[PDB]
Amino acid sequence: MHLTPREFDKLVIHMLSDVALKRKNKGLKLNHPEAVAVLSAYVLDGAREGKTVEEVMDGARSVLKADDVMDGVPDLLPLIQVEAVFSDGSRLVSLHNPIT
């Protein structure tokens, strides 16, 4: 292939998220890096799907609920930031307190 470091980081995220979601479908509450991976992949998928920055923000609040992660993970995650390519280019997407 010919992956930039940024592109590879993006794939890692997709791979960590699939691993995470498999664990979620087995009934395991997610840890902090697993949650970050799931939420980050959600931003990447959104931008890939043509979603706007705002629709990605809007939707991301509903991806993991407090009950889906281990105790303490929500206060470990006041902010996630992910760069994704939207229709006008590369943008840093901010998810504030995504998990409640």
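Residue positions are given as counts along the sequence shown, with the first one as 1.
- The PDB entry reports B-factors from which the mean C-alpha value can be compared for 66-74 and 53-61; the larger average falls on 53-61.
- The deposited model assigns a higher average Cα B-factor to 42-50 than to the other stretch when 42-50 and 28-36 are compared.
- Residue 22: CA B factor lies in the middle third for its chain, per the PDB record.
- Ranked by Cα temperature factor within the chain, residue 13 sits in the lowest third according to the deposited record.
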